[PDB]
Number of protein chains: 2
Amino acid sequence: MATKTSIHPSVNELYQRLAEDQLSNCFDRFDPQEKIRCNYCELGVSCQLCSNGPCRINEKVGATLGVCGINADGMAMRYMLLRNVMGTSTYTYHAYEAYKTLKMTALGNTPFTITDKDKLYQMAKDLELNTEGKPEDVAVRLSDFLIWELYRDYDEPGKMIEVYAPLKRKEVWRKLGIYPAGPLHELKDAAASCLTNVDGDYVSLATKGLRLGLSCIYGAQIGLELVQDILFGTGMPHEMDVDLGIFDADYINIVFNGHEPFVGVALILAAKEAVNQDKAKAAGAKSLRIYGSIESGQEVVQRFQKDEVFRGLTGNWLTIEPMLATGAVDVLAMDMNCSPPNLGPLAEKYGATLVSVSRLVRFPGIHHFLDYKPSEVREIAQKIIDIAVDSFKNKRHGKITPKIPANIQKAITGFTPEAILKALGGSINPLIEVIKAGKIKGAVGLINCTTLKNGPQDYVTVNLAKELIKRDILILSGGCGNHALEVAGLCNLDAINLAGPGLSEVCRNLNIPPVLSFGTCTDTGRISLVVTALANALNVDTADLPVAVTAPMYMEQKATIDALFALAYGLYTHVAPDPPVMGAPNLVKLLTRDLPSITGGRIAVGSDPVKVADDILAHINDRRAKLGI
Amino acid sequence: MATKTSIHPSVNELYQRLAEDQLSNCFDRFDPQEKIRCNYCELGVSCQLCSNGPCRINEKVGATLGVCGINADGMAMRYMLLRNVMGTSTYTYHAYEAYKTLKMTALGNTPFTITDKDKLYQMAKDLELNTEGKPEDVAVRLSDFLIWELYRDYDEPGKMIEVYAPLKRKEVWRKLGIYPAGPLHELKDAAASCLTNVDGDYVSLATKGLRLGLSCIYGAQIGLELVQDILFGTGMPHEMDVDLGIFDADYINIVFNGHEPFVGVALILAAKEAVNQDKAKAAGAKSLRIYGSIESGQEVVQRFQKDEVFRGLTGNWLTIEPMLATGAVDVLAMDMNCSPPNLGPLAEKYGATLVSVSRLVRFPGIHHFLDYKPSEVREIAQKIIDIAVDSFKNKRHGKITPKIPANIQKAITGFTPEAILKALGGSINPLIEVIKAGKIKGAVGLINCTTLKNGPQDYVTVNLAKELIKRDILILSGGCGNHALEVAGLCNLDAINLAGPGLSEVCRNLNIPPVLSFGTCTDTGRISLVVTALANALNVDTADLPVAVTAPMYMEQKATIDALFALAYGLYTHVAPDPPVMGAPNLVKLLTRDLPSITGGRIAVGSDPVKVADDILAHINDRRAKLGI
Ligand code: SF4
Ligand code: SF4
Ligand code: SF3
Ligand code: SF3
Ligand code: FES
């Protein structure tokens, strides 16, 4: 088959239905694009930023510079920076909504509550906030402080970066001048820098990308994930069902899909009400069930158990079109990316109702717009259930043939820094000891999307993960790439049998899988808390540790902002497919060869899972040698 | 040669020097790009936003949608929105710095003062601020309030838009749901919407563009321009020297260049110190002179007189490279766009020193980096003078042959709303009356850059302006296109005789030119105050007025954000060259044909000055007919 589909049998089966039904889909749409690809854009040496364009760099024809005078290196890095403004904006958007949700929850106006009060008070103490009064007071103070971190300008020092970053990184960041403003000012400054005839210096633009990455993790991601733990609990390991076989066509099936989990949690709470289960049964369904999709789904499976109501996680963004082709979905409730913009015709064919629950998400053919507001989420969840009941009765039941694949996989979800510490007996020391002894050679943060650019859905990701664990490298996974490993079976105890001799021994002793599900790409900051704890306990810099990062099927700039963060944080950072930079030779040299002498990190490239794994292991072994282990 | 150069003889003379010196320059760089132009990018039907790309729409090869599913209309509007995030970010950056500068001025930490106290107190009254205490206290309160408007979220109502927009527009915006957040949140929301698989609906994306334009004018531009008036005075009409013959090579010559005028004002104040003039003369110069370039220069000529120190405005951004070829510049101090990124080799050849005075501005070969802070601007200005004196002694004097063109033109600069009222005898009535009677058919806001895309520098702008005034249409001008009209002689009293029968006679009686210099593209908000004043005086909506906007040689998205504002504000808005949208037929239909029934405005296109002027006049005459005049 010359069309890239998927490594997953469930997805390939449902692709067959999309193709038989003659519906457009991402897999088929790749092929016409292959007829007319632009290699200037592939290489990052085109520009569309002003009316003297569109420009291309081609020295052979005399087009050495753009009309404005920018060279290839500035051109490529500037467009990378501009796109990374989008990535940072999404994390900043989510953080602000989390903080407003916490405040409105403390004031009594949401269906949520303050669940992890211990985390609330410890965070407040770490940040030197006033902890007098009641938990609701402390929660308002924390929300206002974390909003201040979003809003702080380039000249007001941050506190999150001081609390949560490792000691030896701080001196590097000071030396390089990359301590950022709050993410709102940083992303505005980055966008302004990208306007024509402003910043045309590839080194400066790269520096601004590193700053933007730091602003995203310390100024948005860590705060938002800890606030979500305060609201919904801190994840601990538990068994979850994943893949598209979790659907049963005789129930009313509501799927929540995006990155922000607030609507999903409100849906689970509303679906547990007897009145709503009775509604479903009166409509001819066995009962009402809620399912998670993509990153919003992953946020929930990190913190919530499967039960008779909440059924598990469907898969990553390339599973959404196949999921509709099951003919089992009643409402797909969409809160952020990825909500692909041609779902309308598929929802129509398969008898599903599309509901946007964010002012960000719009595309042709959406049935309902219920933009999120914390004080409205209770009513939003109820209206979604009402829509789903009507949709089941009048659109799907008795009209649509279901075609649900048989595949269901088990994954242990809910790893957090706290869960790792508990699994090790309350101290990081046993992990240090198994690393020093060579049982685990090192650890990889797999923080990733999925894409079709460099293979069938999830091919590189799953095979790279298999190659890493065979080499006794423990994986901490987040993002659509985490969903892939869960569906592939790498996140359960059976997967110990795929690990090498040292890692399989540790996994059996600790009773954990060789791939630890840490959640979403938004959990890059949270994974950094584990690496920071390692660095601080060893009194070594992050750039000295036997670790690496990989985003091996990256798609969008949530992944690349996390990669820029990883570079600033001093790490070997593998990215595939190539970012659009390879036509800019001095930028390539900076990112791949010179950064180890600047931040400590570097970009690595390639899509062959075996070579990528070998190169990661070589870097880990080089770090090990310098540590004497 | 066949190379597009300029309509201005001074620029053509200096281009010859650049070409004979075999130095790269915008004019020559256009020709290689012409060999390899991408028609997909020209039409807005390419996309580089995720790794499944680069994508193209070409139905003839089966490429109907991008891999993700987006159609041509969503693709084109999304990239327009993303680029307009840059435009909004620059205005928001500038506003924030203006507000911090006013605050630090009130606290006594700058070389500036509160010049227009009347305006300070009038704003405080209009915005219902506390006026107790001293003017400095009120200035701090106004600065904090305007910062709040920058930071307001989508769900908190604004006050600037209530005060400074007319009643019928506010009702239209309310009905359409396009009242925006403050510009920081609005630009973050727009950027997040552009991430792959978020907002792929061209109608939604266009709506977001309109919102972004409103947020920019009411949330940043009006506040920043009125704060700059509070600091540096409200412009009134006065004679100014323009074009490149203002240079004299026997003086130490410092040129400030960008959009933010703070460093330029500080330089003028420092150069007026006798000790600094003594330093210049001891170095062998006749004395020390300051000159303005592009939009920062225009802000200064709006509010300051020509004297023995400050000498006038050089021209717009396509004049910067020619200006260096005079061999007369000692320092070029650069604060924002446009600072073209290949000036380094030109500065080296002609013996000029380049100084960046903004963290936004970086490019290869810059000699000194003096990032602006209000509390450091006195030291920055003095350091620049020190650098200039040394550069004159060591790089230029006795080494570089000057080639200064003879051309100097006179322009009347400093028109403001207040200046118009004064010229009319204290009220707007006389202008309304001569419009009603048909002497002046209507008015156009020319808010423009310059570019080479649709002609030699300033060709379309100047010829369009001549055709408009011949048709008895008064022009209020801002931006690089304003600089073009000043240099071409349309902004002095001789230009009265280029106007048609009715407008020439009104201008002769009022002793004003037919093109009124209103400053920068940043003064779109200020122009809207005049258009709003006309709406109220007539008791009609802005969409009913005999007015239009043109950006006839647009370059970057400061101009396009002003055009998006104009559309939201209900106006016929001509833009040339074509924005990168014309491959998206439904988007084109929305912008050019359906918007009149939505906001009242519409996009018009074309670069033929006669046809464009005829079309503007036809619109104005249609509006007149519906008003009964
Ligand atoms: S910014 Fe420079 S390289 Fe990009 S389109 Fe404009 S002239 Fe060309
Ligand atoms: S966002 Fe869609 S159209 Fe753009 S590059 Fe990605 S797949 Fe292609
Ligand atoms: Fe948070 S990872 Fe990047 S692709 Fe869109 S849901 Fe996936
Ligand atoms: Fe403010 S107008 Fe747009 S082009 Fe850059 S200086 Fe000119
Ligand atoms: S698609 Fe236009 S330059 Fe690549």
# chains A, B, ... in the order shown; residues from 1 in each chain; ligands from 1
>>> residues_around(residues="range 399-412 of chain B", least_positions_apart="3", cutoff="6 Å", atoms="only C-alpha atoms", output="ChimeraX atom specification")
/B:10,237-243,245,326-328,396,486-487,491-492
>>> write_last_selection(atoms="N, CA and C atoms", output="PDB file, in the first residue's frame")
ATOM      1  N   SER B  10      15.654  62.140  -5.866  1.00  0.00           N
ATOM      2  CA  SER B  10      16.723  61.979  -4.884  1.00  0.00           C
ATOM      3  C   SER B  10      17.046  60.510  -4.659  1.00  0.00           C
ATOM      4  N   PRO B 237      -0.315  72.717  12.856  1.00  0.00           N
ATOM      5  CA  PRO B 237       0.340  72.823  11.538  1.00  0.00           C
ATOM      6  C   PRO B 237       1.575  73.716  11.583  1.00  0.00           C
ATOM      7  N   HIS B 238       2.675  73.243  10.984  1.00  0.00           N
ATOM      8  CA  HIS B 238       3.882  74.053  10.844  1.00  0.00           C
ATOM      9  C   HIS B 238       4.721  73.538   9.667  1.00  0.00           C
ATOM     10  N   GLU B 239       5.570  74.420   9.138  1.00  0.00           N
ATOM     11  CA  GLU B 239       6.388  74.100   7.975  1.00  0.00           C
ATOM     12  C   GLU B 239       7.574  73.234   8.371  1.00  0.00           C
ATOM     13  N   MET B 240       7.810  72.201   7.583  1.00  0.00           N
ATOM     14  CA  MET B 240       8.875  71.253   7.835  1.00  0.00           C
ATOM     15  C   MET B 240       9.618  70.997   6.535  1.00  0.00           C
ATOM     16  N   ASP B 241      10.911  70.735   6.667  1.00  0.00           N
ATOM     17  CA  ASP B 241      11.750  70.322   5.549  1.00  0.00           C
ATOM     18  C   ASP B 241      11.780  68.811   5.462  1.00  0.00           C
ATOM     19  N   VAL B 242      11.636  68.300   4.243  1.00  0.00           N
ATOM     20  CA  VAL B 242      11.666  66.865   3.974  1.00  0.00           C
ATOM     21  C   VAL B 242      12.501  66.572   2.718  1.00  0.00           C
ATOM     22  N   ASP B 243      12.851  65.287   2.564  1.00  0.00           N
ATOM     23  CA  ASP B 243      13.647  64.705   1.470  1.00  0.00           C
ATOM     24  C   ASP B 243      15.135  64.792   1.793  1.00  0.00           C
ATOM     25  N   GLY B 245      17.904  65.999   0.603  1.00  0.00           N
ATOM     26  CA  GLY B 245      18.768  67.173   0.578  1.00  0.00           C
ATOM     27  C   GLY B 245      18.882  67.946   1.888  1.00  0.00           C
ATOM     28  N   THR B 326      24.241  58.578   1.027  1.00  0.00           N
ATOM     29  CA  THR B 326      24.677  59.969   1.018  1.00  0.00           C
ATOM     30  C   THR B 326      26.096  60.112   1.529  1.00  0.00           C
ATOM     31  N   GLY B 327      26.556  59.187   2.360  1.00  0.00           N
ATOM     32  CA  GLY B 327      27.845  59.379   3.011  1.00  0.00           C
ATOM     33  C   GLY B 327      27.838  60.496   4.021  1.00  0.00           C
ATOM     34  N   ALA B 328      26.665  60.816   4.572  1.00  0.00           N
ATOM     35  CA  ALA B 328      26.503  61.940   5.482  1.00  0.00           C
ATOM     36  C   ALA B 328      26.062  61.523   6.882  1.00  0.00           C
ATOM     37  N   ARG B 396      34.247  58.783   9.159  1.00  0.00           N
ATOM     38  CA  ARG B 396      33.631  59.536   8.074  1.00  0.00           C
ATOM     39  C   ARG B 396      34.418  60.771   7.671  1.00  0.00           C
ATOM     40  N   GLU B 486       4.405  64.030   1.346  1.00  0.00           N
ATOM     41  CA  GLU B 486       5.186  65.184   1.794  1.00  0.00           C
ATOM     42  C   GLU B 486       6.351  65.429   0.838  1.00  0.00           C
ATOM     43  N   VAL B 487       7.098  64.371   0.537  1.00  0.00           N
ATOM     44  CA  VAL B 487       8.248  64.532  -0.341  1.00  0.00           C
ATOM     45  C   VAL B 487       7.830  64.942  -1.745  1.00  0.00           C
ATOM     46  N   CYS B 491       1.677  68.312   0.285  1.00  0.00           N
ATOM     47  CA  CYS B 491       1.323  68.728   1.627  1.00  0.00           C
ATOM     48  C   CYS B 491       1.719  70.175   1.908  1.00  0.00           C
ATOM     49  N   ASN B 492       1.938  70.978   0.877  1.00  0.00           N
ATOM     50  CA  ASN B 492       2.193  72.407   1.052  1.00  0.00           C
ATOM     51  C   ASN B 492       1.119  73.213   0.333  1.00  0.00           C
TER      52      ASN B 492
END
>>> residues_near_ligand(ligand="ligand 2", cutoff="9 Å", atoms="only C-alpha atoms and all ligand atoms", output="tab-separated table (two decimals) with N, CA and C atoms, in the first residue's frame")
chain	number	residue	atom	x	y	z
A	26	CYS	N	-7.53	12.29	6.21
A	26	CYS	CA	-6.16	12.81	6.20
A	26	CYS	C	-5.24	11.90	5.43
A	30	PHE	N	-3.12	13.15	1.89
A	30	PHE	CA	-1.67	13.29	1.79
A	30	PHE	C	-1.21	13.10	0.35
A	33	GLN	N	-1.11	16.05	-2.23
A	33	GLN	CA	-0.09	17.02	-1.87
A	33	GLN	C	1.29	16.56	-2.33
A	340	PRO	N	-9.97	18.44	13.69
A	340	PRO	CA	-9.63	18.69	12.28
A	340	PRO	C	-10.82	19.28	11.52
A	341	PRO	N	-10.56	20.18	10.58
A	341	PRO	CA	-11.64	21.05	10.10
A	341	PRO	C	-12.55	20.45	9.04
A	555	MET	N	4.07	17.37	14.98
A	555	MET	CA	3.12	17.94	14.02
A	555	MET	C	3.06	19.46	14.13
A	556	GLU	N	2.78	19.98	15.33
A	556	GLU	CA	2.46	21.39	15.56
A	556	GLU	C	3.46	21.99	16.56
B	45	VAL	N	-2.89	30.33	-1.16
B	45	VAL	CA	-3.30	28.93	-1.20
B	45	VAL	C	-2.13	27.98	-1.02
B	46	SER	N	-1.17	28.39	-0.17
B	46	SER	CA	-0.17	27.51	0.40
B	46	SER	C	-0.24	27.59	1.91
B	47	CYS	N	0.32	26.57	2.57
B	47	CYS	CA	0.32	26.55	4.02
B	47	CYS	C	1.56	25.83	4.52
B	48	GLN	N	2.19	26.41	5.54
B	48	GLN	CA	3.40	25.84	6.16
B	48	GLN	C	3.26	25.69	7.66
B	49	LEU	N	2.04	25.49	8.14
B	49	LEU	CA	1.80	25.57	9.58
B	49	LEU	C	2.01	24.27	10.34
B	50	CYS	N	2.12	23.12	9.68
B	50	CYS	CA	2.43	21.90	10.43
B	50	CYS	C	3.27	20.95	9.58
B	51	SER	N	3.74	19.89	10.23
B	51	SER	CA	4.67	18.99	9.56
B	51	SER	C	4.06	18.18	8.42
B	52	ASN	N	2.73	18.05	8.35
B	52	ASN	CA	2.13	17.38	7.19
B	52	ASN	C	2.23	18.20	5.91
B	53	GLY	N	2.55	19.48	6.04
B	53	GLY	CA	2.79	20.35	4.93
B	53	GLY	C	4.18	20.16	4.37
B	54	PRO	N	4.60	21.10	3.51
B	54	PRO	CA	3.85	22.29	3.09
B	54	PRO	C	2.71	21.85	2.19
B	55	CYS	N	1.56	22.48	2.37
B	55	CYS	CA	0.38	22.13	1.59
B	55	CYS	C	0.06	23.21	0.58
B	56	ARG	N	-0.63	22.81	-0.48
B	56	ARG	CA	-1.10	23.68	-1.55
B	56	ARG	C	-2.50	23.26	-1.95
B	57	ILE	N	-3.31	24.25	-2.36
B	57	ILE	CA	-4.61	23.95	-2.93
B	57	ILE	C	-4.49	24.04	-4.45
B	65	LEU	N	-8.07	20.09	-0.51
B	65	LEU	CA	-7.96	20.46	0.89
B	65	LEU	C	-6.53	20.18	1.34
B	66	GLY	N	-6.10	20.86	2.39
B	66	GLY	CA	-4.85	20.50	3.07
B	66	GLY	C	-4.96	19.13	3.73
B	67	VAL	N	-3.82	18.57	4.15
B	67	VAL	CA	-3.87	17.22	4.72
B	67	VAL	C	-4.84	17.17	5.90
B	68	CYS	N	-4.83	18.22	6.73
B	68	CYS	CA	-5.69	18.28	7.91
B	68	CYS	C	-7.17	18.43	7.56
B	69	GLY	N	-7.51	18.84	6.33
B	69	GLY	CA	-8.88	19.05	5.93
B	69	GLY	C	-9.27	20.50	5.67
B	70	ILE	N	-8.39	21.47	5.88
B	70	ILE	CA	-8.79	22.87	5.72
B	70	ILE	C	-8.93	23.20	4.24
B	71	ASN	N	-9.90	24.05	3.92
B	71	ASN	CA	-10.11	24.50	2.55
B	71	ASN	C	-9.34	25.79	2.27
B	72	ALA	N	-9.39	26.23	1.01
B	72	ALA	CA	-8.58	27.37	0.59
B	72	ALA	C	-8.97	28.63	1.35
B	75	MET	N	-7.56	28.42	4.84
B	75	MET	CA	-6.12	28.53	4.74
B	75	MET	C	-5.68	29.97	4.59
B	194	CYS	N	-5.01	30.02	15.20
B	194	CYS	CA	-4.31	29.70	13.97
B	194	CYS	C	-3.52	28.39	14.05
B	195	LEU	N	-3.28	27.85	15.24
B	195	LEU	CA	-2.62	26.56	15.33
B	195	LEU	C	-3.42	25.52	14.54
B	196	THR	N	-2.71	24.58	13.93
B	196	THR	CA	-3.38	23.53	13.16
B	196	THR	C	-4.49	22.86	13.98
B	197	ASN	N	-5.60	22.59	13.30
B	197	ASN	CA	-6.74	21.87	13.87
B	197	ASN	C	-7.40	22.62	15.04
B	200	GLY	N	-10.54	26.52	11.65
B	200	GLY	CA	-10.40	26.36	10.21
B	200	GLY	C	-11.60	26.89	9.43
>>> atom_distance(atom1="CA of residue 100 in chain A", atom2="CA of residue 381 in chain A")
18.2 Å
>>> atom_distance(atom1="CA of residue 102 in chain B", atom2="CA of residue 477 in chain B")
26.6 Å
>>> atom_distance(atom1="CA of residue 232 in chain B", atom2="CA of residue 186 in chain B")
29.5 Å
>>> residues_around(residues="residue 11 in chain B", least_positions_apart="4", cutoff="7 Å", atoms="only C-alpha atoms", output="count of residues only")
4
>>> residues_near_ligand(ligand="ligand 3", cutoff="9 Å", atoms="only C-alpha atoms and all ligand atoms", output="number ranges by chain")
A: 257-259, 293-296, 316-318, 336-339, 447-451, 478-482, 519-523, 554-559; B: 196-198
>>> write_last_selection(atoms="C-alpha atoms", output="PDB file, in the first residue's frame")
ATOM      1  CA  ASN A 257     -11.796  16.012  22.584  1.00  0.00           C
ATOM      2  CA  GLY A 258      -9.091  18.726  22.914  1.00  0.00           C
ATOM      3  CA  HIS A 259      -6.477  19.722  25.560  1.00  0.00           C
ATOM      4  CA  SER A 293     -10.197  11.719  23.153  1.00  0.00           C
ATOM      5  CA  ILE A 294      -6.659  13.053  22.594  1.00  0.00           C
ATOM      6  CA  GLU A 295      -5.111  15.281  25.247  1.00  0.00           C
ATOM      7  CA  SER A 296      -8.257  16.291  27.160  1.00  0.00           C
ATOM      8  CA  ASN A 316      -4.568  10.605  19.318  1.00  0.00           C
ATOM      9  CA  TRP A 317      -5.578  13.163  16.684  1.00  0.00           C
ATOM     10  CA  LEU A 318      -5.198  10.852  13.664  1.00  0.00           C
ATOM     11  CA  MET A 336      -9.094  22.877  21.419  1.00  0.00           C
ATOM     12  CA  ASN A 337      -6.725  21.330  18.922  1.00  0.00           C
ATOM     13  CA  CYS A 338      -6.829  18.814  17.450  1.00  0.00           C
ATOM     14  CA  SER A 339     -10.341  19.226  16.002  1.00  0.00           C
ATOM     15  CA  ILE A 447       6.979  14.391  24.258  1.00  0.00           C
ATOM     16  CA  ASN A 448       5.325  14.202  20.985  1.00  0.00           C
ATOM     17  CA  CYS A 449       2.474  14.491  18.497  1.00  0.00           C
ATOM     18  CA  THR A 450       1.648  12.254  15.597  1.00  0.00           C
ATOM     19  CA  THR A 451       1.846  13.039  11.869  1.00  0.00           C
ATOM     20  CA  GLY A 478       3.478  12.741  27.149  1.00  0.00           C
ATOM     21  CA  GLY A 479       1.281  13.979  24.242  1.00  0.00           C
ATOM     22  CA  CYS A 480      -0.327  12.224  21.284  1.00  0.00           C
ATOM     23  CA  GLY A 481       2.872  10.141  21.293  1.00  0.00           C
ATOM     24  CA  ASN A 482       1.916   8.929  24.780  1.00  0.00           C
ATOM     25  CA  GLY A 519       0.123  12.642  30.271  1.00  0.00           C
ATOM     26  CA  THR A 520       0.079  15.455  27.718  1.00  0.00           C
ATOM     27  CA  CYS A 521       2.559  17.702  25.951  1.00  0.00           C
ATOM     28  CA  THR A 522       1.374  20.260  28.544  1.00  0.00           C
ATOM     29  CA  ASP A 523       3.124  17.978  31.061  1.00  0.00           C
ATOM     30  CA  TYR A 554       6.004  16.111  15.680  1.00  0.00           C
ATOM     31  CA  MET A 555       3.123  17.944  14.023  1.00  0.00           C
ATOM     32  CA  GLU A 556       2.463  21.386  15.565  1.00  0.00           C
ATOM     33  CA  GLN A 557       4.207  23.990  17.688  1.00  0.00           C
ATOM     34  CA  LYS A 558       3.047  22.767  21.047  1.00  0.00           C
ATOM     35  CA  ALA A 559       5.628  20.053  20.400  1.00  0.00           C
TER      36      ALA A 559
ATOM     37  CA  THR B 196      -3.379  23.534  13.157  1.00  0.00           C
ATOM     38  CA  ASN B 197      -6.742  21.875  13.874  1.00  0.00           C
ATOM     39  CA  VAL B 198      -8.145  24.792  15.951  1.00  0.00           C
TER      40      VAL B 198
END
>>> residues_around(residues="residue 156 in chain B", least_positions_apart="2", cutoff="12 Å", atoms="only C-alpha atoms", output="PyMOL selection string")
chain B and resi 148-154+158-159+179-182+185
>>> write_last_selection(atoms="N, CA, C and O atoms", output="short mmCIF file (atom, residue, chain, number, x, y, z; two decimals), in the first residue's frame")
data_model
loop_
_atom_site.label_atom_id
_atom_site.label_comp_id
_atom_site.auth_asym_id
_atom_site.auth_seq_id
_atom_site.Cartn_x
_atom_site.Cartn_y
_atom_site.Cartn_z
N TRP B 148 -4.36 48.57 32.04
CA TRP B 148 -5.52 47.69 32.24
C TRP B 148 -6.26 47.43 30.93
O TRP B 148 -6.66 46.29 30.65
N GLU B 149 -6.48 48.46 30.11
CA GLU B 149 -7.12 48.21 28.82
C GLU B 149 -6.29 47.26 27.95
O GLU B 149 -6.85 46.47 27.19
N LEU B 150 -4.96 47.30 28.04
CA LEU B 150 -4.15 46.35 27.28
C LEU B 150 -4.40 44.92 27.72
O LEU B 150 -4.37 44.01 26.89
N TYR B 151 -4.61 44.72 29.03
CA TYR B 151 -4.66 43.39 29.65
C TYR B 151 -6.06 42.83 29.84
O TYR B 151 -6.20 41.69 30.29
N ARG B 152 -7.11 43.59 29.54
CA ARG B 152 -8.49 43.15 29.76
C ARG B 152 -8.79 41.86 28.98
O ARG B 152 -8.40 41.73 27.83
N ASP B 153 -9.50 40.91 29.61
CA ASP B 153 -9.84 39.66 28.94
C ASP B 153 -11.18 39.76 28.20
O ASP B 153 -11.86 40.78 28.23
N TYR B 154 -11.54 38.70 27.46
CA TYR B 154 -12.64 38.81 26.51
C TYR B 154 -13.97 39.05 27.20
O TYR B 154 -14.93 39.44 26.53
N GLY B 158 -14.70 46.98 27.98
CA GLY B 158 -13.75 48.06 27.84
C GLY B 158 -14.42 49.40 28.03
O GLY B 158 -15.64 49.49 27.91
N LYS B 159 -13.61 50.42 28.31
CA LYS B 159 -14.05 51.80 28.47
C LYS B 159 -13.61 52.70 27.32
O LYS B 159 -14.37 53.55 26.88
N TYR B 179 -17.20 42.89 19.89
CA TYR B 179 -16.47 43.66 20.91
C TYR B 179 -15.28 42.84 21.41
O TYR B 179 -15.48 41.73 21.91
N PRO B 180 -14.06 43.35 21.33
CA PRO B 180 -12.90 42.50 21.62
C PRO B 180 -12.45 42.57 23.07
O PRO B 180 -12.85 43.44 23.82
N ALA B 181 -11.61 41.60 23.43
CA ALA B 181 -10.79 41.68 24.62
C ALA B 181 -9.79 42.82 24.46
O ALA B 181 -9.74 43.49 23.42
N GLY B 182 -9.00 43.07 25.48
CA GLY B 182 -7.85 43.92 25.32
C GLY B 182 -6.92 43.27 24.32
O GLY B 182 -7.03 42.07 24.04
N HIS B 185 -4.85 39.82 25.18
CA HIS B 185 -5.66 38.61 25.10
C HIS B 185 -6.16 38.37 23.69
O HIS B 185 -6.18 37.21 23.23
#
>>> residues_around(residues="residue 213 in chain B", least_positions_apart="6", cutoff="10 Å", atoms="only C-alpha atoms", output="PyMOL selection string")
chain B and resi 84-85+87-88+180+183+186-187+207+219+558+560-569
>>> closest_residue(among="A:229, A:390, A:321, A:171", to="chain B", atoms="only C-alpha atoms")
A:321
>>> residues_around(residues="residue 283 in chain A", least_positions_apart="5", cutoff="9 Å", atoms="only C-alpha atoms", output="ChimeraX atom specification")
/A:278,389-390,392-393
>>> write_last_selection(atoms="C-alpha atoms", output="mmCIF file, in the first residue's frame")
data_model
loop_
_atom_site.group_PDB
_atom_site.id
_atom_site.type_symbol
_atom_site.label_atom_id
_atom_site.label_comp_id
_atom_site.auth_asym_id
_atom_site.auth_seq_id
_atom_site.Cartn_x
_atom_site.Cartn_y
_atom_site.Cartn_z
ATOM 1 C CA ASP A 278 -32.807 7.485 32.971
ATOM 2 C CA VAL A 389 -29.924 11.995 23.771
ATOM 3 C CA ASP A 390 -31.746 13.688 20.906
ATOM 4 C CA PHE A 392 -29.035 9.114 19.477
ATOM 5 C CA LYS A 393 -32.829 8.980 19.078
#
>>> closest_residue(among="B:371, B:578, B:458, B:594", to="chain A", atoms="only C-alpha atoms")
B:578
>>> closest_residue(among="A:496, A:265, A:254, A:205", to="residue 191 in chain A", atoms="only C-alpha atoms")
A:205
>>> residues_around(residues="range 125-137 of chain B", least_positions_apart="3", cutoff="8 Å", atoms="only C-alpha atoms", output="list in words")
residues 106, 107, 114, 117, 120, 121, 122, 140, 141, 142, 159, 160 and 163 of chain B
>>> residues_near_ligand(ligand="ligand 5", cutoff="6 Å", atoms="only C-alpha atoms and all ligand atoms", output="ChimeraX atom specification")
/A:38,40-41,46 /B:38,40-41,46
>>> decode(residues="range 438-450 of chain B", atoms="C-alpha atoms", output="JSON list (two decimals), in the first residue's frame")
[["chain", "number", "residue", "atom", "x", "y", "z"],
["B", 438, "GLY", "CA", -20.72, 69.51, -2.57],
["B", 439, "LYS", "CA", -17.51, 71.56, -2.59],
["B", 440, "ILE", "CA", -15.70, 68.62, -1.00],
["B", 441, "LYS", "CA", -17.26, 65.35, -2.09],
["B", 442, "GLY", "CA", -15.84, 63.36, 0.80],
["B", 443, "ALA", "CA", -12.65, 62.47, 2.63],
["B", 444, "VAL", "CA", -10.16, 59.64, 2.43],
["B", 445, "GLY", "CA", -7.86, 58.32, 5.10],
["B", 446, "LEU", "CA", -4.66, 57.28, 3.35],
["B", 447, "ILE", "CA", -2.96, 54.93, 5.73],
["B", 448, "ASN", "CA", -0.15, 53.26, 3.96],
["B", 449, "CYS", "CA", 3.30, 51.85, 3.75],
["B", 450, "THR", "CA", 5.43, 51.71, 0.67]]
